[PDB]
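# Overview (structure and organization)
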Amino acid sequence: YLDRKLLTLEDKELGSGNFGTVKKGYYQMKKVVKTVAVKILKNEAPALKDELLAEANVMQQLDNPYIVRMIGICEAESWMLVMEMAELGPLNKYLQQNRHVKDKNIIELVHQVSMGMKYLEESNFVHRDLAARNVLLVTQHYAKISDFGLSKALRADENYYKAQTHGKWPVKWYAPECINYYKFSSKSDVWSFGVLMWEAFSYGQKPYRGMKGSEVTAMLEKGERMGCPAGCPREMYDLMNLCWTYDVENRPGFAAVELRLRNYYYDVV
Ligand SMILES: Cc1nn(-c2ccnc(Nc3ccc4c(c3)c(C)c(C)n4C)n2)cc1CN1CC(O)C1
């Protein structure tokens, strides 16, 4: 566990989630001080603590340039998950506020995400919340995946995790087998990645605007998909549609997705 006396938190906050705050902080290391982001658990007054610790347990096992690194867990006034700071914050919000960012730049960023998800797939972890809000920018040209609170280490003898009843909020990023069978796999992360790309090339607009989850589900069952974002490169829209392959077996893994991106990034460059 980290030493609370070595951590300073900034009084102003970055955002409030479900349910807690994220604050910027500074953690004194063996000699330099490191800038951190700290997820702080709201707990006016048990098992919310367990959730944060599980989240920490996953991040501890992950080591990759395109995933947020955990520094550690701190037990103090509140329970806290201390991470290396990605200064520019969430990809969706950054693109909302930086429409000047060019298609080539967006391609670079989503490609980096595919590289981190290839690693995750190889480590047999499912993310289960892969969306533009959970990609963070270190700089305008370097993205990392964040938010492992829903993530699961897959059993040695299976390539999916079985959940129970989901609410409405996450539906727009879920593959059909998630909606209907509560089955989560690297292939379901690939589906969510297609939505993440549609988000990124829409400069952080919401997918399926104005539709209820039930309507999204119906649309997908009819073979319909979101249309091409204004200005979006045709080949990136083509890749989105491949990620939205209905049948889990025929949908690509992250190896294949990463190759298509690398190749198109090269073409554009
Ligand atoms: C688990 C978690 N880590 N984490 C984090 C990790 C490393 N760096 C950062 N940097 C950062 C920088 C600026 C930020 C943010 C995060 C956030 C959430 C906002 C609103 N800004 C301006 N955040 C943010 C979160 C909360 N998730 C981001 C999703 O949007 C909710």
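Determination of this PDB entry was carried out by X-ray crystallography to a resolution of 1.83 Å, according to the record.

If you check the PDB entry, the protein appears there as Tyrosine-protein kinase SYK from Homo sapiens. Anyone opening this PDB entry will find it titled "Crystal structure of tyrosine-protein kinase SYK with an inhibitor".

With that settled, the discussion passes to the UniProt feature "active site" in the protein. Mapped onto the present numbering, the UniProt feature "active site" falls at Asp129. Tracing the backbone shows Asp129 in the loop between β8 (125-126) and β9 (135-139). If near-sequence neighbours (up to four positions away) are discounted, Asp129 is found in contact with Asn134, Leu150 and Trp169.

To continue, consider the packing of helix α7 (residues 234-243) against helix α8 (residues 254-268). Remark: α7 packs on α8, axes separated minimally by 11 Å, with the N-to-C direction vectors making an angle of 180 degrees. Accordingly, the angle class assigned to the pair α7 and α8 is roughly antiparallel. Contact residues: α7 offers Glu235, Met236, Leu239, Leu242 and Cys243, while α8 offers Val257, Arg260, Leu261 and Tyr264.

Attention now goes to the sheet that holds strand β7 (residues 89-90). Strand pairing in a sheet relies on backbone hydrogen bonds. The paired strands run either parallel or antiparallel. The 3 strands lie next to each other as β7-β9-β10, forming an open sheet whose pairing is antiparallel. Strand pairing shows two members of the sheet lacking a second neighbour, β7 and β10 (142-145), which therefore form its edges. With respect to the sheet, helix α3 (residues 103-122) is in contact with β9 and β10, its orientation differing from that of β10 by roughly 35 degrees.

A few words on the pattern of salt bridges. Summed over the entire model, instances satisfying the criterion amount to 9 salt bridges. With a shortest N-O distance of 2.9 Å, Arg251 and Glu177 are connected by a salt bridge. With a gap of 74 residues between them, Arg251 in the loop between α7 and α8 and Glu177 in helix α4 (residues 176-181) connect regions that are remote in the sequence. Judged by its relative accessible area of 9%, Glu177 is buried.

By volume, the largest cavity amounts to about 40 Å³. As for the largest cavity, its lining consists of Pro176, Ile179, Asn180, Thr217, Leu220 and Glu221. Of all the elements in the fold, those that place two or more residues in the lining of the largest cavity are α4 and α6 (213-221). When the residues that make up the lining of the largest cavity are grouped by side-chain class, the tally is 3 nonpolar, 2 polar and 1 charged. Its volume calculated, the second largest cavity comes out at about 30 Å³. Looking at the lining of the second largest cavity, the element that brings in the most residues is helix α5 (residues 186-201), giving 3 residues. Partitioning the lining of the second largest cavity into residue classes produces 3 nonpolar, 2 polar and 2 charged.

Okay, the site of the ligand next. The immediate surroundings of the ligand are formed by 15 residues, with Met83, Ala86, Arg133, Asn134 and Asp147 found nearest. Here a nitrogen atom of the ligand sits 2.9 Å away from a polar atom, N or O, in the main chain of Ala86. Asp147 places a polar side-chain atom, nitrogen or oxygen, 2.7 Å from a nitrogen atom of the ligand. For the ligand, whose free accessible area comes to 610 Å², the fraction covered by protein is 79%. Contributing elements (two or more residues each) for the shell around the ligand: β6 (79-84) and β7. Residues that form the shell around the ligand fall into these classes: 8 nonpolar, 2 polar and 5 charged.

The next subject is the nonpolar core. Nonpolar side chains tend to gather and get buried jointly when the protein is soluble and globular. Among the nonpolar cores identified, the biggest contains 71 residues, and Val110, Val113, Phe193 and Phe201 are the most heavily contacted of them. Among the elements that make up this core, the one with the highest residue count is α5 (9 residues). Mapped onto the domain boundaries, this core takes at least three residues apiece from domain 1 (1-85) and domain 2 (86-269). With sequence-adjacent residues up to four places away left out, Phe201 is seen in contact with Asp103, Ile106, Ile107, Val110, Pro229, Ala230, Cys232, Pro233, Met236 and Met240. Among the nonpolar cores identified, the runner-up in size contains 11 residues, and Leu2, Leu7, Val36 and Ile71 belong to it.

Turning to α6, a few remarks are in order. Buried within α6 we find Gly213, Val216, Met219 and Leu220. Down the axis of α6, the smallest arc covering the buried residues is 120 degrees, so these residues share one side. Looking at the packing, one finds that the buried side of α6 touches α5. Directly beyond the C-terminal end of α6, a positive phi value near 80 degrees is found at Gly223.

Cut-offs applied
Residues numbered from 1 in each chain as written, not as in the entry; some residues may be left out. Heavy atoms only, no water. UniProt positions renumbered as here; feature names shortened; annotations may be inferred. Helix = DSSP H or I, 4+ residues; strand = E, 2+ residues; numbered from the N terminus. Contact = heavy atoms within 4.5 Å. Axes fitted to C-alpha atoms, helices over the stretch in contact; angles between N-to-C directions. Parallel < 35°, antiparallel > 145°, perpendicular 65-115°, else oblique. Pairing = 2+ DSSP bridges. Salt bridge = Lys/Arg side-chain N within 4 Å of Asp/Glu carboxyl O. Buried < 20%, exposed > 50% of the residue type's maximum accessible area, 1.4 Å probe, protein only. 1 Å grid on protein atoms, 1.4 Å probe; cavity = no way out; pocket = protein on both sides within 12 Å on 5 of 7 lines; lining within 4 Å. Points joined across faces, edges and corners; volume = space filled by probe spheres on them. Nonpolar A, V, L, I, M, F, W, Y, C, P; charged D, E, K, R; others polar. Near = heavy atom within 4 Å. Polar contact = N/O pair within 3.5 Å; in protein donor to acceptor, adjacent residues only side chain to side chain. Areas by Shrake-Rupley, 256 points an atom, 1.4 Å probe, with all protein chains shown as cover. Core = buried A, V, L, I, M, F, W, Y, C linked by side-chain atoms within 4.5 Å. Domains from an automatic or database assignment. Arc of directions from axis to C-beta.

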